[PDB]
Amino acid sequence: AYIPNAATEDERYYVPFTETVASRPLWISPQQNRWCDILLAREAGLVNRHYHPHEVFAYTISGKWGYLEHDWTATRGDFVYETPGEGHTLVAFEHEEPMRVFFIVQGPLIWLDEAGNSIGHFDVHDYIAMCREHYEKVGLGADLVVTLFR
């Protein structure tokens, strides 16, 4: 698979995930419960506390972001590996550029509690569904998502 201009300026390609953060799917494996994507926050953003059962890798393209549970913040060019089992809250700061991050995500995400409990999930089927749905609405066609399968 070859996707030119992955972190495109074309807003249509980005699927809302939370209210402030969206992603462009690049590669999805329903069988492996795994996906690559560009994570985008045009403004201040937050992704709720969750943990992955497995690793996460990120390479930062632009903006400034990090997780509240570590001391670093990542800007253009910085690499991040999250250790499996880590509960974390992603945040994005307002920077000259939107936040854009290349991610390889081995799902599910388990949403965590204010407390510390499992309170919801996000797996690859949830991801395929939201992306198909958005791509139908914006006129990229639901079937463009199917093009990303492997």
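Residues carry their position along the shown sequence, with the first being 1.
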The stretch whose C-alpha atoms carry the larger average B-factor in the entry, 109-117 or 90-98, is 109-117
Of 54-62 and 81-89, the stretch with the higher mean C-alpha B-factor in the deposited entry is 81-89
State the tercile, meaning the lowest, middle or highest third, of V21 with respect to the CA B-factors recorded for its chain. lowest
Third of chain Cα B-factors occupied by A142: highest
In terms of the chain's CA B-factor thirds, is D123 lowest, middle or highest? middle
